[PDB]
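What follows is one structure encoded as structure tokens, with my remarks underneath.
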Amino acid sequence: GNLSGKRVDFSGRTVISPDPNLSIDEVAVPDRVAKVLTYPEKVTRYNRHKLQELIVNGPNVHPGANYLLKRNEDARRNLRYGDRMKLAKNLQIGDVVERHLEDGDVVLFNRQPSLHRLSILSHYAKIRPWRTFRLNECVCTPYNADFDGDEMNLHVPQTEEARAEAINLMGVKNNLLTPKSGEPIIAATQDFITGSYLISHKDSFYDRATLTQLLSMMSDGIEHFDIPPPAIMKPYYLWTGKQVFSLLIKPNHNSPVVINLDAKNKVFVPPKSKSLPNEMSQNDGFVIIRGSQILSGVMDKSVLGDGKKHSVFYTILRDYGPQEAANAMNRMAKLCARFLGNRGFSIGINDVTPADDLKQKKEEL
Amino acid sequence: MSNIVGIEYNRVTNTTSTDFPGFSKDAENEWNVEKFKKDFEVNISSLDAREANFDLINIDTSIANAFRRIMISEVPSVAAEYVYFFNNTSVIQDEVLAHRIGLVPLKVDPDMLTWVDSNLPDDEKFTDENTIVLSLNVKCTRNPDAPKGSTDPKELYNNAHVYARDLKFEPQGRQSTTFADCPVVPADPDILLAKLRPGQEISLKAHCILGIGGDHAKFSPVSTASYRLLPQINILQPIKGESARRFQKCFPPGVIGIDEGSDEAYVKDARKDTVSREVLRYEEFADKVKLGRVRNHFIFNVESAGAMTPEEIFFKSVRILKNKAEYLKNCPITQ
Amino acid sequence: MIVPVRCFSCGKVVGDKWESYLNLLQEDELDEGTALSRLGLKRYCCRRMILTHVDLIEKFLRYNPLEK
Amino acid sequence: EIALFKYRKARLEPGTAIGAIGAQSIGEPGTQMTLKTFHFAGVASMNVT
Amino acid sequence: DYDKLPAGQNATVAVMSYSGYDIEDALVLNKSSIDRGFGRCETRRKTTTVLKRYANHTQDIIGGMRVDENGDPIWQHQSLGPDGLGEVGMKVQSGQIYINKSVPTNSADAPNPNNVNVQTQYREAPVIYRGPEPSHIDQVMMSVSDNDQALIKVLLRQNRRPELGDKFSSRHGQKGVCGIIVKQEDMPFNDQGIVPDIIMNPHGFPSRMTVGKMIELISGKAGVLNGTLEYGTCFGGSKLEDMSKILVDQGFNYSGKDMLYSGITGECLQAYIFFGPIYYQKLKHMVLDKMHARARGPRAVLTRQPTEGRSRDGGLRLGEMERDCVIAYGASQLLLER
Amino acid sequence: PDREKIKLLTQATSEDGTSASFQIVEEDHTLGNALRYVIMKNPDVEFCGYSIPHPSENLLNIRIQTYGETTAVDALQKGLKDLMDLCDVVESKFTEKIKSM
Amino acid sequence: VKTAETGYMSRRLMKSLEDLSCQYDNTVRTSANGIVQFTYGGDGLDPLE
Amino acid sequence: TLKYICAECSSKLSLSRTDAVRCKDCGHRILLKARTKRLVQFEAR
Ligand SMILES: [Mg+2]
Ligand SMILES: [Zn+2]
Ligand SMILES: [Zn+2]
């Protein structure tokens, strides 16, 4: 008899959709539910210029408002039945309007089987087309999202003090670790791993007809990059694939990001059992990063994304704050989604058939 | 970088065109309009009324993909837009039946129409040089001279199957003499839109405007606009015999040739190859064949919907891709 | 219900090739592959429109709400 | 400097709700128990919970 | 006889990673393919009223046709005929009335019948259509049911197209929501010119081990060519050996891997991509009847369609499992606010 | 004269020419790739790249970054006049082959 | 059957481990100031940091 | 106004208020309404 109980105003429940073109601290809200979920704003010296136009635009145009509350409490004046743009002209300094949900508003976001404290995070809003609560996929792992038509809940705080607590000690950028073990739980995911193994594979050598496009796809145009001198020269000017992840950690001299970790990845081969460096392996294996420069190893699940204490974004988080780790996660999440669609990756029936020798060893053994 | 490309049994390399000044130390291959005028040329395989096949050599994948991309959307065409219904008492719903009138192709020049301004009221957007009006009016009637047995709905029913030929164009407004030389008909009149029974009737009127293929699929002037790179089979270690005849039976029959009363095999008419790399899994033919395709050659193939000739669509696409380049250089850059 | 006017993928008009297909099935007896090959369609797309299609409007018009 | 900075920030901050955190850190791995019968014995000598 | 009444669509599928809106259990869709009739559906709902004969020899009559200053009729009445019922063919948007019902206001209790004039009082109480998108009136039917009592059944149909939020199955349990409707000038085009209809993420196969779906394309793509619908029956069907023989002498790959020329850049794709047709099917559970929101007060403003059926998944509530999550944050001023 | 067709973003361009960025409304991958190829054939340009930031809009952000003594507002004009010259070369060769056959 | 017991153990464990917080003297106590542990974990270190 | 249609014989009939709702030709107890004679607008997209 310890069931759900309470009924809370100003909430919605809608299905979820994929979107890695969105930042990790943002959930895109459609304009059909960001028209009835209002936010009460008191008018002051610093919002009189905006709230007049906001009242004039009305309840049907999206940058608008639905209700109005007078200072001496006349009534709760709705902006639908009469009382046109002259009502925005008086606007006494204690009036409370109920504006629409706009871009940048703090909103908390939930999934109904709440297991632990990473099931209720808090995001920024963004007003979009078609009617679904789409979100990024680096942030869907703490919600345990496996999308397939699942629904999620959305609540807006209605005061100035609870809105400050959702974004400071409850927001996404301040909760990059699970408290169960200290490991990062909210990091890179499925298609962001195989899009990183194919760039940082050793058989990848790029060119300025490709490398420039690779740097432009990860920062949607506007970012100043310093192109390093190439790893291959005078026969063919060729840039390796490990100089792309070396560049998205630290684009230019203006970013202070210096990363100096080294740890082994997933499935690993001992080099010769005599070579004292751990990175002389038969495969790529052991990863060296010295001064935001990858010297060896691929970017798989262990090094890049969810897992142990030796991640890259964990190092950016401990050394250079949460905002830079969020920027690097956004940059790789909108690099991989553009690259892997234009490289090509498929499975088929050809990659599962035994080639008539396993059919001999299976009959033998 | 390392020309005509390699087809491998598990991958394909040499994808990027990379002919820019900065691939190597020597600044090779600048823009040089007089060099591109010398290198580029066009062959033509065939020209039909609704099908065109032609070839472009020495040209990038980028600005030849651009032509393929804006053959579909940016070249405008006309289609049925607004359908007004009277007494639709058939079995097909009036959203389904209106969706099928939009998808029939119309045979008229889209240069005789002007774009609709979407800021005017509903009684002022549609004028004489803007709208093509069609009318369907079919009532089904039982045939009194019925045969000896009930066999098919074609017999014993007057006009139970409507067709695209029953969309009659109406001379609208004032300019009824401009379309008197070429009245608009559907491109193929045998389109089964509905089936009727006696007692049923369809009476409607359709307004047809101009649109691009990026807004909706029905305005796309071309059915299939695509290309293919020219394949190539470099056969070294020229060995002959029974294995050369097994080499023939893999491929399509008219793409390599055994010499009749003479020496070993060769390659004739490599244009007809659909590359399936079926000779790269044998272990008999390992260092004796080399599949590939030349990156600079393109075989443009266009089959239009029926509105216009397919040799006009390519010229209009080159004109459209030119006109959006000079429109951008004559605009001021606002900070 | 009825054959679609255009094919879904590329957009070739295949709505005019259903009555001719039924005429080639019953008289001039051929298998569906060759009779669908000497009719137009070359790719396996736009061939799927005529091959895998059920004709429900002939079964719907037996329940006419008119006179009968 | 790096060692003292990483040790000084590592202390438990006052006002933390660490009793509520320790209750969710145990019950949340509890909700993914598949069967997996093990044994503190040899060849299936005991069945332990 | 499932082949006489099928429920689904034969799509064409490029199994590849594309555009990034397909990460887990998410399909991307083609614009200019759903514009040509892929996945269109319609929803038909019944609204029934009964006209009760009360105890003191009176009825509840239907009526209407009221006008006001050249409005013929008013905005709330322009879906009704002279009888008072919705006519066939019109559309019904929000609060416009489609059945105008009026009940007597004095015949609630039983004033045992006198011959005094009291029957000239009618309190109207019609039914009012409400919803996000408008509908259409296709049938309205009068009935005279068992105890001589008038019955009105009206049907409302609504045309729907596939959008972001609508889920699709794959006849193997590969269900997934729609991610994005992509343009037709995208979606790599396999030089003959077959643009894919639905692109599927190739990561759903190792964690789920549905390799029989991989046999659906090979026995499907080689089934379209020589005009024979194939058999995929259990413990038999079409053998994989002689279906790749039909596919290899038509000019295709034996394993279904075609080489795609990319759509946004025009160059080739560095891996061969498994292409072919899959029988897809559109389910229930669309987004248009699941978007539910609430501002303040009862009778929430964004109300979904009332078809739950033993599926009460909480709703717009804040349970004790969610109360325990914000204690771990330590936010004390959000507890009082929520 | 339209002033909303092409812009120049504020907190992305460096001083005195070099390393500039532009924003074009109502544009898809077509002229983006066609303009990325022509500017890359300029020996005074390092970094020319386009991107569509979000697919449900009509925006294209292009970035042009040069070596020296060539402003990126001038390498955009030089890389756009040459596309007109390419379109003049293409349609003149295609017309005479339809004509002469 | 796991959905019926999706939160039964973590909610019952939440009953006692709820009103425990670290005070400003680095001691974790209950709500009635009854002290339960003099320093958290024996050393007072935040397991998140 | 042409308000009724039988569901068996499909006979166009129209009776006024409270006039024993049935068919005068066969006797069928349910009656359908005809499609209206006004103009309805649709969009071919
Ligand atoms: Mg799920
Ligand atoms: Zn097709
Ligand atoms: Zn009757």
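Labeling convention for the structure tokens: chains A, B, ... as they appear, residues from 1 per chain, ligands from 1 in order of appearance.
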_List as an MDAnalysis selection string the protein and nucleic acid residues near stretch 43-57 of chain F, meaning an atom at most 9 Å away when only C-alpha atoms are counted, but skip any in the same chain fewer than 5 places from it._
(chainID A and resid 21:22 128:129 208:209 212:221 225 227) or (chainID B and resid 20:22 27 30) or (chainID E and resid 182) or (chainID F and resid 19 25:29 32:33 35:37 62:70 72 75)
With N, CA and C atoms retained, export the selected residues as a tab-separated table (two decimals), in the first residue's frame.
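For reference, result.tsv as written:
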```tsv
chain	number	residue	atom	x	y	z
A	21	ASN	N	22.43	15.77	-32.19
A	21	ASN	CA	22.72	17.15	-32.54
A	21	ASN	C	22.40	18.12	-31.40
A	22	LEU	N	22.07	17.60	-30.23
A	22	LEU	CA	21.67	18.37	-29.06
A	22	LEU	C	22.73	18.19	-27.98
A	128	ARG	N	11.17	22.90	-30.52
A	128	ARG	CA	11.39	22.18	-31.77
A	128	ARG	C	10.08	21.80	-32.47
A	129	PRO	N	10.15	21.28	-33.72
A	129	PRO	CA	9.06	20.46	-34.28
A	129	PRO	C	8.91	19.09	-33.64
A	208	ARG	N	43.45	16.64	-46.72
A	208	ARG	CA	42.79	17.92	-46.48
A	208	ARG	C	41.44	18.03	-47.17
A	209	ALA	N	41.17	17.20	-48.18
A	209	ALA	CA	39.82	17.09	-48.71
A	209	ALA	C	38.89	16.32	-47.77
A	212	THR	N	39.74	18.30	-43.15
A	212	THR	CA	39.06	19.57	-42.94
A	212	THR	C	37.56	19.37	-42.74
A	213	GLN	N	36.96	18.48	-43.52
A	213	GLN	CA	35.55	18.16	-43.35
A	213	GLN	C	35.30	17.44	-42.03
A	214	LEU	N	36.24	16.59	-41.60
A	214	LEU	CA	36.12	15.92	-40.31
A	214	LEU	C	36.16	16.91	-39.15
A	215	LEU	N	37.02	17.93	-39.25
A	215	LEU	CA	37.07	18.94	-38.20
A	215	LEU	C	35.88	19.88	-38.26
A	216	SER	N	35.27	20.04	-39.44
A	216	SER	CA	34.11	20.91	-39.53
A	216	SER	C	32.83	20.22	-39.08
A	217	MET	N	32.75	18.89	-39.23
A	217	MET	CA	31.55	18.17	-38.81
A	217	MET	C	31.43	18.02	-37.30
A	218	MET	N	32.53	18.13	-36.56
A	218	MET	CA	32.47	17.93	-35.11
A	218	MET	C	32.15	19.20	-34.34
A	219	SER	N	32.28	20.37	-34.96
A	219	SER	CA	32.05	21.63	-34.27
A	219	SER	C	31.17	22.54	-35.11
A	220	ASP	N	30.27	21.93	-35.90
A	220	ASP	CA	29.23	22.48	-36.79
A	220	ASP	C	29.59	23.80	-37.46
A	221	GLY	N	30.78	23.86	-38.05
A	221	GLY	CA	31.29	25.13	-38.53
A	221	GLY	C	32.22	25.81	-37.54
A	225	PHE	N	40.58	25.99	-35.55
A	225	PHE	CA	41.44	24.83	-35.40
A	225	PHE	C	42.85	25.14	-35.88
A	227	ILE	N	45.81	23.19	-37.48
A	227	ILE	CA	46.15	21.94	-38.15
A	227	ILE	C	47.60	21.58	-37.85
B	20	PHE	N	43.71	18.53	-55.33
B	20	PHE	CA	43.83	19.91	-54.88
B	20	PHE	C	45.30	20.28	-54.66
B	21	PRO	N	45.64	21.59	-54.72
B	21	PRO	CA	47.03	22.00	-54.47
B	21	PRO	C	47.45	21.96	-53.01
B	22	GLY	N	48.01	20.83	-52.59
B	22	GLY	CA	48.30	20.62	-51.19
B	22	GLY	C	48.19	19.17	-50.79
B	27	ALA	N	52.61	22.09	-55.90
B	27	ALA	CA	51.24	22.61	-55.95
B	27	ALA	C	50.66	22.25	-57.31
B	30	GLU	N	45.69	23.29	-59.83
B	30	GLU	CA	44.90	24.47	-59.48
B	30	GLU	C	43.58	24.47	-60.26
E	182	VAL	N	13.90	11.34	-43.43
E	182	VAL	CA	15.06	11.85	-44.17
E	182	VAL	C	14.64	12.11	-45.61
F	19	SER	N	40.63	33.40	-41.06
F	19	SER	CA	39.81	32.58	-40.17
F	19	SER	C	38.43	33.20	-39.95
F	25	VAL	N	21.34	30.95	-45.16
F	25	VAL	CA	20.00	30.44	-44.91
F	25	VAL	C	19.47	29.83	-46.21
F	26	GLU	N	18.53	28.89	-46.07
F	26	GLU	CA	17.85	28.20	-47.18
F	26	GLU	C	18.84	27.45	-48.07
F	27	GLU	N	19.58	26.52	-47.47
F	27	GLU	CA	20.62	25.83	-48.22
F	27	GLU	C	20.82	24.42	-47.67
F	28	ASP	N	21.05	23.48	-48.58
F	28	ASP	CA	21.24	22.06	-48.32
F	28	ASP	C	22.69	21.71	-48.70
F	29	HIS	N	23.00	20.41	-48.74
F	29	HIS	CA	24.35	19.91	-48.98
F	29	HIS	C	24.89	20.20	-50.38
F	32	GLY	N	26.83	23.52	-50.65
F	32	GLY	CA	27.86	23.35	-49.63
F	32	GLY	C	29.03	22.51	-50.12
F	33	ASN	N	28.74	21.36	-50.72
F	33	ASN	CA	29.81	20.52	-51.24
F	33	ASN	C	30.41	21.12	-52.51
F	35	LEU	N	30.73	24.26	-53.20
F	35	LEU	CA	31.56	25.38	-52.80
F	35	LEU	C	32.75	24.94	-51.96
F	36	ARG	N	32.63	23.80	-51.27
F	36	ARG	CA	33.78	23.25	-50.56
F	36	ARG	C	34.82	22.71	-51.53
F	37	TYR	N	34.40	22.20	-52.69
F	37	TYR	CA	35.40	21.67	-53.62
F	37	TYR	C	36.16	22.77	-54.36
F	62	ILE	N	29.51	27.65	-42.97
F	62	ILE	CA	30.75	27.34	-43.67
F	62	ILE	C	31.87	28.12	-42.99
F	63	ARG	N	33.06	27.53	-42.97
F	63	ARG	CA	34.22	28.17	-42.37
F	63	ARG	C	35.37	28.15	-43.35
F	64	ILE	N	35.98	29.32	-43.57
F	64	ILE	CA	37.10	29.50	-44.48
F	64	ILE	C	38.26	30.09	-43.70
F	65	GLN	N	39.40	29.42	-43.75
F	65	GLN	CA	40.61	29.80	-43.03
F	65	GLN	C	41.79	29.70	-43.98
F	66	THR	N	42.55	30.79	-44.10
F	66	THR	CA	43.52	30.99	-45.16
F	66	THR	C	44.94	31.11	-44.60
F	67	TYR	N	45.92	31.16	-45.51
F	67	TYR	CA	47.31	31.27	-45.09
F	67	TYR	C	47.68	32.71	-44.74
F	68	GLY	N	47.61	33.59	-45.72
F	68	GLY	CA	48.00	34.97	-45.50
F	68	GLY	C	47.72	35.77	-46.75
F	69	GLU	N	47.64	37.10	-46.56
F	69	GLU	CA	47.37	38.16	-47.56
F	69	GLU	C	46.17	37.85	-48.47
F	70	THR	N	45.24	37.02	-48.01
F	70	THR	CA	43.98	36.74	-48.69
F	70	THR	C	42.91	36.65	-47.61
F	72	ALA	N	39.31	35.90	-45.98
F	72	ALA	CA	38.35	34.84	-46.24
F	72	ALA	C	37.03	35.35	-46.81
F	75	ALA	N	38.31	34.96	-50.50
F	75	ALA	CA	38.40	33.59	-50.98
F	75	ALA	C	37.03	32.96	-51.15
```
_Could you list, as a PyMOL selection string, all residues that come within 12 Å of ligand 2? Count only C-alpha atoms and all ligand atoms._
(chain B and resi 223-226+303) or (chain C and resi 6-14+40-50) or (chain E and resi 11-12+33+36+189-197)
_Neighbouring residues of ligand 3 are defined here as those with any atom at most 12 Å from a ligand atom, counting only C-alpha atoms and all ligand atoms; list them as a ChimeraX atom specification._
/C:66-67 /H:4-14,21-32
How would the residues just chosen look if you wrote them out with C-alpha atoms as a PDB file, in the first residue's frame?
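Done, and the output landed in out.pdb:
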```pdb
ATOM      1  CA  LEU C  66     -26.194   1.046 -52.870  1.00  0.00           C
ATOM      2  CA  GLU C  67     -29.212  -0.574 -54.615  1.00  0.00           C
TER       3      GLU C  67
ATOM      4  CA  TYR H   4     -32.603   8.626 -44.824  1.00  0.00           C
ATOM      5  CA  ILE H   5     -31.159   5.639 -46.722  1.00  0.00           C
ATOM      6  CA  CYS H   6     -32.164   2.018 -46.122  1.00  0.00           C
ATOM      7  CA  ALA H   7     -29.420  -0.533 -45.513  1.00  0.00           C
ATOM      8  CA  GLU H   8     -31.017  -3.377 -47.524  1.00  0.00           C
ATOM      9  CA  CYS H   9     -33.040  -1.993 -50.446  1.00  0.00           C
ATOM     10  CA  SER H  10     -31.291   1.439 -50.468  1.00  0.00           C
ATOM     11  CA  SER H  11     -34.483   3.433 -50.992  1.00  0.00           C
ATOM     12  CA  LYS H  12     -34.265   7.216 -50.642  1.00  0.00           C
ATOM     13  CA  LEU H  13     -36.932   8.185 -48.105  1.00  0.00           C
ATOM     14  CA  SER H  14     -37.478  11.151 -45.803  1.00  0.00           C
ATOM     15  CA  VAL H  21     -38.722   5.210 -37.964  1.00  0.00           C
ATOM     16  CA  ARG H  22     -38.633   2.199 -40.327  1.00  0.00           C
ATOM     17  CA  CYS H  23     -38.818   1.549 -44.081  1.00  0.00           C
ATOM     18  CA  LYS H  24     -42.015   1.881 -46.107  1.00  0.00           C
ATOM     19  CA  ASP H  25     -40.801  -0.628 -48.730  1.00  0.00           C
ATOM     20  CA  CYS H  26     -39.211  -3.591 -46.916  1.00  0.00           C
ATOM     21  CA  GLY H  27     -39.398  -2.835 -43.196  1.00  0.00           C
ATOM     22  CA  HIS H  28     -35.720  -2.592 -42.223  1.00  0.00           C
ATOM     23  CA  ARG H  29     -35.198  -0.976 -38.846  1.00  0.00           C
ATOM     24  CA  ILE H  30     -31.884   0.887 -39.349  1.00  0.00           C
ATOM     25  CA  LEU H  31     -31.382   3.862 -41.671  1.00  0.00           C
ATOM     26  CA  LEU H  32     -28.282   5.625 -43.015  1.00  0.00           C
TER      27      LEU H  32
END
```
*asked:* For ligand 1, return the neighbouring residues as a PyMOL selection string (distance at most 9 Å; only C-alpha atoms and all ligand atoms).
replied: (chain A and resi 144-150) or (chain E and resi 25+176)
Using N, CA and C atoms, can you export the residues from the last selection as a PDB file, in the first residue's frame?
```
ATOM      1  N   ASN A 144      18.512   4.368 -18.210  1.00  0.00           N
ATOM      2  CA  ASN A 144      18.303   3.021 -18.751  1.00  0.00           C
ATOM      3  C   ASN A 144      17.275   3.053 -19.886  1.00  0.00           C
ATOM      4  N   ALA A 145      17.620   3.795 -20.935  1.00  0.00           N
ATOM      5  CA  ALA A 145      16.746   3.980 -22.086  1.00  0.00           C
ATOM      6  C   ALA A 145      17.179   3.065 -23.224  1.00  0.00           C
ATOM      7  N   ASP A 146      16.212   2.337 -23.780  1.00  0.00           N
ATOM      8  CA  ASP A 146      16.424   1.334 -24.824  1.00  0.00           C
ATOM      9  C   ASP A 146      15.361   1.522 -25.909  1.00  0.00           C
ATOM     10  N   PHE A 147      15.330   2.729 -26.483  1.00  0.00           N
ATOM     11  CA  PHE A 147      14.159   3.568 -26.739  1.00  0.00           C
ATOM     12  C   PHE A 147      12.835   2.860 -27.019  1.00  0.00           C
ATOM     13  N   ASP A 148      12.750   2.108 -28.131  1.00  0.00           N
ATOM     14  CA  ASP A 148      11.675   1.209 -28.596  1.00  0.00           C
ATOM     15  C   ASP A 148      10.239   1.629 -28.258  1.00  0.00           C
ATOM     16  N   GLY A 149       9.965   2.931 -28.269  1.00  0.00           N
ATOM     17  CA  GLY A 149       8.659   3.427 -27.885  1.00  0.00           C
ATOM     18  C   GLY A 149       8.423   3.577 -26.399  1.00  0.00           C
ATOM     19  N   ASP A 150       9.423   4.011 -25.635  1.00  0.00           N
ATOM     20  CA  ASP A 150       9.234   4.245 -24.209  1.00  0.00           C
ATOM     21  C   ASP A 150       8.879   5.701 -23.941  1.00  0.00           C
TER      22      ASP A 150
ATOM     23  N   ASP E  25      17.343   0.869 -31.128  1.00  0.00           N
ATOM     24  CA  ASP E  25      15.916   0.624 -31.366  1.00  0.00           C
ATOM     25  C   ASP E  25      15.226   1.821 -32.018  1.00  0.00           C
ATOM     26  N   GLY E 176      10.947  -0.827 -32.916  1.00  0.00           N
ATOM     27  CA  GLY E 176      11.677   0.410 -32.745  1.00  0.00           C
ATOM     28  C   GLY E 176      10.908   1.632 -33.197  1.00  0.00           C
TER      29      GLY E 176
END
```
*Given only C-alpha atoms as the counted atoms, nearest of B:38, B:99, B:319, B:271 to residue B:293*: B:271
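Within 6 Å of stretch 120-134 of chain B there are residues 113, 114, 167, 168, 169, 170, 173, 205, 206, 207, 208 and 209 of chain B, counting only C-alpha atoms and ignoring same-chain residues fewer than 3 positions away.
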Please produce an output containing N, CA and C atoms for each residue in the selection, written as a PDB file, in the first residue's frame.
```
ATOM      1  N   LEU B 113       3.762  28.787 -66.150  1.00  0.00           N
ATOM      2  CA  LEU B 113       3.101  29.048 -64.880  1.00  0.00           C
ATOM      3  C   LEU B 113       3.990  29.911 -63.996  1.00  0.00           C
ATOM      4  N   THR B 114       3.352  30.564 -63.029  1.00  0.00           N
ATOM      5  CA  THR B 114       4.011  31.449 -62.082  1.00  0.00           C
ATOM      6  C   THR B 114       3.786  30.882 -60.683  1.00  0.00           C
ATOM      7  N   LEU B 167      -9.764  12.680 -66.565  1.00  0.00           N
ATOM      8  CA  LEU B 167      -9.436  13.983 -65.987  1.00  0.00           C
ATOM      9  C   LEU B 167      -9.409  14.993 -67.126  1.00  0.00           C
ATOM     10  N   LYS B 168     -10.508  15.718 -67.302  1.00  0.00           N
ATOM     11  CA  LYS B 168     -10.638  16.669 -68.396  1.00  0.00           C
ATOM     12  C   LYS B 168     -10.120  18.037 -67.970  1.00  0.00           C
ATOM     13  N   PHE B 169      -9.179  18.579 -68.740  1.00  0.00           N
ATOM     14  CA  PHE B 169      -8.686  19.928 -68.495  1.00  0.00           C
ATOM     15  C   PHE B 169      -9.719  20.969 -68.897  1.00  0.00           C
ATOM     16  N   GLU B 170      -9.888  21.983 -68.048  1.00  0.00           N
ATOM     17  CA  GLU B 170     -10.831  23.046 -68.348  1.00  0.00           C
ATOM     18  C   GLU B 170     -10.090  24.324 -68.709  1.00  0.00           C
ATOM     19  N   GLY B 173     -10.158  30.993 -66.735  1.00  0.00           N
ATOM     20  CA  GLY B 173      -9.903  32.422 -66.729  1.00  0.00           C
ATOM     21  C   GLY B 173     -10.130  33.161 -68.031  1.00  0.00           C
ATOM     22  N   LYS B 205     -13.210  18.458 -58.734  1.00  0.00           N
ATOM     23  CA  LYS B 205     -12.492  19.478 -59.488  1.00  0.00           C
ATOM     24  C   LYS B 205     -11.154  19.723 -58.808  1.00  0.00           C
ATOM     25  N   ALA B 206     -10.072  19.641 -59.572  1.00  0.00           N
ATOM     26  CA  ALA B 206      -8.724  19.713 -59.028  1.00  0.00           C
ATOM     27  C   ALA B 206      -8.004  20.954 -59.535  1.00  0.00           C
ATOM     28  N   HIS B 207      -7.317  21.630 -58.621  1.00  0.00           N
ATOM     29  CA  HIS B 207      -6.485  22.788 -58.913  1.00  0.00           C
ATOM     30  C   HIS B 207      -5.024  22.378 -58.809  1.00  0.00           C
ATOM     31  N   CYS B 208      -4.267  22.666 -59.870  1.00  0.00           N
ATOM     32  CA  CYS B 208      -2.897  22.209 -60.063  1.00  0.00           C
ATOM     33  C   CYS B 208      -1.990  23.428 -60.111  1.00  0.00           C
ATOM     34  N   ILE B 209      -0.970  23.439 -59.252  1.00  0.00           N
ATOM     35  CA  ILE B 209      -0.031  24.550 -59.150  1.00  0.00           C
ATOM     36  C   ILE B 209       1.382  24.046 -59.408  1.00  0.00           C
TER      37      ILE B 209
END
```
*Name all residues at most 6 Å from stretch 83-96 of chain E (count only C-alpha atoms; drop same-chain ones fewer than 3 positions away) and give them as a list in words.*
residues 63, 64, 76, 79, 80, 99, 100, 128, 129, 130, 134, 135, 136, 137 and 138 of chain E; 35 and 36 of chain H
_Exercise: residue B:181 partners within 12 Å, only C-alpha atoms, chain neighbours under 3 positions left out, as a PyMOL selection string_ = chain B and resi 108-109+176-178+184
*Go through A:301, A:234, A:310, A:331 and flag the residue nearest chain B, using only C-alpha atoms for the distances.*
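Closest to chain B, using only C-alpha atoms: A:234.
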*Backbone DSSP call of strand (DSSP E) for stretch 173-230 of chain B, listed as a ChimeraX atom specification*: /B:185-186,201-211,222-226,230
*Near chain B, which residues of chain H fall within 6 Å when you count only C-alpha atoms, and what do they look like as a VMD selection string?*
chain H and resid 40 to 44
*asked:* Please list as a list in words every residue within 9 Å of residue A:197, counting only C-alpha atoms and excluding residues in the same chain fewer than 6 positions away.
replied: residues 298, 299 and 300 of chain A
What are the nearest atom pairs, with distances in Å to one decimal, for all residues of chain D that come at most 7 Å from chain A, using only C-alpha atoms, set out by chain and rising residue number as JSON lines?
```
{"residue": "D:24", "atom": "CA", "partner": "A:116", "partner_atom": "CA", "distance": 5.7}
{"residue": "D:25", "atom": "CA", "partner": "A:180", "partner_atom": "CA", "distance": 4.7}
{"residue": "D:28", "atom": "CA", "partner": "A:115", "partner_atom": "CA", "distance": 5.8}
```
*Hey, can you check how far atom CA of residue A:12 sits from atom CA of residue A:48?*
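Atom CA of residue A:48 lies 29.6 Å from atom CA of residue A:12.
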*List the neighbours of residue D:26 out to 12 Å using only C-alpha atoms; skip same-chain residues closer than 2 positions along the sequence, and give me the result as a ChimeraX atom specification.*
/A:115-116,179-181 /D:19-24,28-32 /G:7,9-14,17
